[PDB]
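Data block below; observations after.
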Amino acid sequence: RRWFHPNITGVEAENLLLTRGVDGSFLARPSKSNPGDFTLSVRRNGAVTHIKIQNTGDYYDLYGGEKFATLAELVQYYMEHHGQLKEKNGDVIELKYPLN
Amino acid sequence: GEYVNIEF
């Protein structure tokens, strides 16, 4: 859906989730580290957090987790199924409000 | 700016 940004760098995902976002705002963008992959950037609790999405050819996951056929149902599944994302012994991550 | 890794 429109939560997808193909044009944007890691820095612009920071500048948009900070100025225009609220906690729970997220977006998917191309990865600067891994080309042809995507990272989610989530504004959680004051700051921006990036999560690498893994695309293996055969599926999309978040480097572990349930496997999905397309990017779009991955975000759908995590927007709908609250609570499955815990940062390593940190807080939960909520993918709440699609950004722009 | 943290690249977080999730624990499932």
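Residues are named by chain letter and number: chains run A, B, ... in the order of the structure tokens, numbers start at 1 in each chain, and ligands are numbered from 1 in the order shown.
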Could you list, as number ranges by chain, every residue within 8 Å of residue 3 in chain B, counting only C-alpha atoms and ignoring same-chain residues fewer than 4 positions away?
A: 49-52
Would you export the selected residues with N, CA and C atoms as a tab-separated table (two decimals), in the first residue's frame, please?
```
chain	number	residue	atom	x	y	z
A	49	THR	N	13.53	3.19	14.73
A	49	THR	CA	14.11	1.85	14.85
A	49	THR	C	14.03	1.25	13.45
A	50	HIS	N	15.03	0.55	12.95
A	50	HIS	CA	14.95	-0.02	11.61
A	50	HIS	C	14.98	-1.50	11.78
A	51	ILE	N	14.27	-2.23	10.95
A	51	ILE	CA	14.22	-3.65	11.10
A	51	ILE	C	14.51	-4.15	9.72
A	52	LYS	N	15.40	-5.09	9.57
A	52	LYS	CA	15.75	-5.61	8.27
A	52	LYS	C	14.72	-6.63	7.85
```
Skip range 9-15 of chain A itself and residues of its chain fewer than 4 positions away, then list as number ranges by chain all residues within 9 Å of it, counting only C-alpha atoms.
A: 5, 19-20, 26-32, 39, 41-43, 47-50; B: 1
Using only C-alpha atoms, pick whichever of A:67, A:1, A:88, A:82 has the shortest atom-to-atom distance to chain B.
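Result for the nearest residue to chain B: A:88.
CA of residue 23 in chain A to CA of residue 44 in chain A spans 5.2 Å [interatomic distance, one decimal].
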I'd like the neighbourhood of residue 7 in chain B as a list in words, where a residue qualifies if any of its atoms comes within 9 Å (using only C-alpha atoms), though same-chain residues fewer than 4 positions away should be ignored.
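In the requested form, the answer reads residues 64, 65, 85, 86, 87, 88 and 89 of chain A.
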Let me make sure I understand: among A:35, A:84, A:71, A:61, which one has the smallest atom-to-atom distance to residue 8 in chain B if we use only C-alpha atoms?
A:84
Give me, as a list in words, the residues of range 5-91 of chain A that a backbone DSSP run labels helix (DSSP H, G or I).
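So the helix (DSSP H, G or I) residues in range 5-91 of chain A would be residues 10, 11, 12, 13, 14, 15, 16, 17, 18, 19, 71, 72, 73, 74, 75, 76, 77, 78, 79 and 80 of chain A.
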May I have the selected residues written with N, CA and C atoms, as a tab-separated table (two decimals), in the first residue's frame?
```tsv
chain	number	residue	atom	x	y	z
A	10	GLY	N	17.86	5.76	4.41
A	10	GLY	CA	17.72	5.63	5.86
A	10	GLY	C	17.48	6.97	6.56
A	11	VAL	N	18.25	8.01	6.19
A	11	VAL	CA	18.15	9.38	6.74
A	11	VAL	C	16.79	10.03	6.48
A	12	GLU	N	16.24	9.91	5.27
A	12	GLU	CA	14.92	10.48	5.05
A	12	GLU	C	13.90	9.71	5.88
A	13	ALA	N	13.98	8.40	6.06
A	13	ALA	CA	13.02	7.73	6.91
A	13	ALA	C	13.18	8.26	8.31
A	14	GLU	N	14.35	8.70	8.76
A	14	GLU	CA	14.42	9.34	10.06
A	14	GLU	C	13.70	10.69	10.01
A	15	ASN	N	14.03	11.55	9.05
A	15	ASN	CA	13.44	12.88	8.98
A	15	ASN	C	11.93	12.82	8.86
A	16	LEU	N	11.30	11.97	8.07
A	16	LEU	CA	9.85	11.86	8.05
A	16	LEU	C	9.25	11.28	9.34
A	17	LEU	N	9.71	10.17	9.94
A	17	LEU	CA	9.08	9.66	11.14
A	17	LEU	C	9.27	10.65	12.28
A	18	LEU	N	10.24	11.55	12.24
A	18	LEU	CA	10.40	12.50	13.30
A	18	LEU	C	9.49	13.71	13.16
A	19	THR	N	9.52	14.36	12.01
A	19	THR	CA	8.71	15.54	11.83
A	19	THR	C	7.20	15.25	11.73
A	71	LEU	N	5.73	-8.84	0.38
A	71	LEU	CA	6.05	-7.82	1.37
A	71	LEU	C	4.77	-7.35	2.03
A	72	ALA	N	3.81	-7.04	1.19
A	72	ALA	CA	2.54	-6.52	1.62
A	72	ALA	C	1.79	-7.36	2.61
A	73	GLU	N	1.74	-8.68	2.52
A	73	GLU	CA	1.04	-9.41	3.53
A	73	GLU	C	1.89	-9.50	4.75
A	74	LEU	N	3.22	-9.38	4.69
A	74	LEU	CA	4.06	-9.36	5.89
A	74	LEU	C	3.65	-8.18	6.79
A	75	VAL	N	3.49	-6.99	6.20
A	75	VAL	CA	3.13	-5.83	7.00
A	75	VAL	C	1.71	-6.01	7.47
A	76	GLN	N	0.86	-6.55	6.64
A	76	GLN	CA	-0.51	-6.79	7.02
A	76	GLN	C	-0.55	-7.70	8.24
A	77	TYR	N	0.21	-8.79	8.22
A	77	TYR	CA	0.16	-9.76	9.28
A	77	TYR	C	0.64	-9.11	10.54
A	78	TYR	N	1.63	-8.24	10.52
A	78	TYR	CA	2.12	-7.65	11.75
A	78	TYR	C	1.37	-6.45	12.26
A	79	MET	N	0.56	-5.86	11.39
A	79	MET	CA	-0.32	-4.78	11.83
A	79	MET	C	-1.51	-5.38	12.55
A	80	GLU	N	-1.99	-6.50	12.01
A	80	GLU	CA	-3.15	-7.19	12.55
A	80	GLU	C	-2.83	-8.01	13.78
```
I need the residues in range 24-84 of chain A that are strand (DSSP E or B) according to DSSP; give them as an NGL selection string.
:A and (25-30 or 38-44 or 47-55 or 60-61 or 68)
Okay, now the selection with N, CA and C atoms, as a PDB file, in the first residue's frame?
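Wrote it out as selection-v6.pdb, contents follow:
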```pdb
ATOM      1  N   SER A  25       3.991   5.027  13.945  1.00  0.00           N
ATOM      2  CA  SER A  25       4.129   5.278  12.513  1.00  0.00           C
ATOM      3  C   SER A  25       5.277   4.460  11.983  1.00  0.00           C
ATOM      4  N   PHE A  26       5.110   3.821  10.838  1.00  0.00           N
ATOM      5  CA  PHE A  26       6.154   3.022  10.220  1.00  0.00           C
ATOM      6  C   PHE A  26       6.182   3.204   8.701  1.00  0.00           C
ATOM      7  N   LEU A  27       7.150   2.663   7.968  1.00  0.00           N
ATOM      8  CA  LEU A  27       7.138   2.727   6.520  1.00  0.00           C
ATOM      9  C   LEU A  27       8.103   1.668   6.031  1.00  0.00           C
ATOM     10  N   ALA A  28       8.067   1.236   4.756  1.00  0.00           N
ATOM     11  CA  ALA A  28       9.051   0.291   4.220  1.00  0.00           C
ATOM     12  C   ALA A  28       9.777   1.029   3.126  1.00  0.00           C
ATOM     13  N   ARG A  29      11.053   0.788   3.102  1.00  0.00           N
ATOM     14  CA  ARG A  29      11.966   1.512   2.248  1.00  0.00           C
ATOM     15  C   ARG A  29      13.019   0.539   1.702  1.00  0.00           C
ATOM     16  N   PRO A  30      13.766   0.837   0.638  1.00  0.00           N
ATOM     17  CA  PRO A  30      14.865   0.012   0.189  1.00  0.00           C
ATOM     18  C   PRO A  30      15.987   0.132   1.195  1.00  0.00           C
ATOM     19  N   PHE A  38      14.626  -4.624   1.805  1.00  0.00           N
ATOM     20  CA  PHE A  38      13.856  -3.533   2.382  1.00  0.00           C
ATOM     21  C   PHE A  38      14.005  -3.593   3.883  1.00  0.00           C
ATOM     22  N   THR A  39      13.851  -2.449   4.530  1.00  0.00           N
ATOM     23  CA  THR A  39      13.963  -2.349   5.966  1.00  0.00           C
ATOM     24  C   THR A  39      12.694  -1.684   6.433  1.00  0.00           C
ATOM     25  N   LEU A  40      12.060  -2.019   7.544  1.00  0.00           N
ATOM     26  CA  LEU A  40      10.927  -1.248   8.058  1.00  0.00           C
ATOM     27  C   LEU A  40      11.494  -0.164   8.958  1.00  0.00           C
ATOM     28  N   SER A  41      10.997   1.070   9.059  1.00  0.00           N
ATOM     29  CA  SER A  41      11.528   2.012  10.026  1.00  0.00           C
ATOM     30  C   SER A  41      10.303   2.352  10.786  1.00  0.00           C
ATOM     31  N   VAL A  42      10.417   2.218  12.088  1.00  0.00           N
ATOM     32  CA  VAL A  42       9.292   2.345  12.997  1.00  0.00           C
ATOM     33  C   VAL A  42       9.630   3.424  13.985  1.00  0.00           C
ATOM     34  N   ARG A  43       8.717   4.339  14.265  1.00  0.00           N
ATOM     35  CA  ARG A  43       8.999   5.314  15.277  1.00  0.00           C
ATOM     36  C   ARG A  43       8.419   4.755  16.537  1.00  0.00           C
ATOM     37  N   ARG A  44       9.290   4.393  17.438  1.00  0.00           N
ATOM     38  CA  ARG A  44       8.938   3.747  18.669  1.00  0.00           C
ATOM     39  C   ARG A  44       9.568   4.577  19.717  1.00  0.00           C
ATOM     40  N   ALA A  47      11.997   7.591  19.335  1.00  0.00           N
ATOM     41  CA  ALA A  47      13.002   7.416  18.303  1.00  0.00           C
ATOM     42  C   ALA A  47      12.606   6.551  17.123  1.00  0.00           C
ATOM     43  N   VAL A  48      13.483   6.508  16.094  1.00  0.00           N
ATOM     44  CA  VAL A  48      13.321   5.630  14.920  1.00  0.00           C
ATOM     45  C   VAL A  48      14.117   4.324  15.077  1.00  0.00           C
ATOM     46  N   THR A  49      13.531   3.188  14.730  1.00  0.00           N
ATOM     47  CA  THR A  49      14.114   1.851  14.851  1.00  0.00           C
ATOM     48  C   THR A  49      14.025   1.254  13.447  1.00  0.00           C
ATOM     49  N   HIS A  50      15.032   0.548  12.947  1.00  0.00           N
ATOM     50  CA  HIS A  50      14.955  -0.021  11.607  1.00  0.00           C
ATOM     51  C   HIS A  50      14.978  -1.496  11.781  1.00  0.00           C
ATOM     52  N   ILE A  51      14.267  -2.226  10.951  1.00  0.00           N
ATOM     53  CA  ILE A  51      14.216  -3.648  11.101  1.00  0.00           C
ATOM     54  C   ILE A  51      14.509  -4.150   9.720  1.00  0.00           C
ATOM     55  N   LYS A  52      15.405  -5.092   9.566  1.00  0.00           N
ATOM     56  CA  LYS A  52      15.749  -5.613   8.271  1.00  0.00           C
ATOM     57  C   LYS A  52      14.720  -6.634   7.848  1.00  0.00           C
ATOM     58  N   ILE A  53      14.155  -6.578   6.661  1.00  0.00           N
ATOM     59  CA  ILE A  53      13.296  -7.664   6.235  1.00  0.00           C
ATOM     60  C   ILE A  53      14.153  -8.643   5.411  1.00  0.00           C
ATOM     61  N   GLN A  54      14.049  -9.980   5.559  1.00  0.00           N
ATOM     62  CA  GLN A  54      14.776 -10.941   4.737  1.00  0.00           C
ATOM     63  C   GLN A  54      13.904 -11.397   3.579  1.00  0.00           C
ATOM     64  N   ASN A  55      14.428 -11.369   2.355  1.00  0.00           N
ATOM     65  CA  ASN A  55      13.698 -11.871   1.211  1.00  0.00           C
ATOM     66  C   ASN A  55      14.575 -12.995   0.729  1.00  0.00           C
ATOM     67  N   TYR A  60       9.446 -13.966   2.401  1.00  0.00           N
ATOM     68  CA  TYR A  60       9.799 -12.816   3.211  1.00  0.00           C
ATOM     69  C   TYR A  60       9.552 -13.137   4.681  1.00  0.00           C
ATOM     70  N   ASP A  61      10.519 -12.806   5.537  1.00  0.00           N
ATOM     71  CA  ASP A  61      10.329 -12.879   6.978  1.00  0.00           C
ATOM     72  C   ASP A  61      11.137 -11.729   7.568  1.00  0.00           C
ATOM     73  N   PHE A  68       6.101 -15.340   4.752  1.00  0.00           N
ATOM     74  CA  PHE A  68       5.064 -14.696   3.960  1.00  0.00           C
ATOM     75  C   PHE A  68       5.433 -14.701   2.491  1.00  0.00           C
TER      76      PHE A  68
END
```
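Computed from the coordinates, the CA of residue 21 in chain A to CA of residue 100 in chain A distance equals 8.9 Å.
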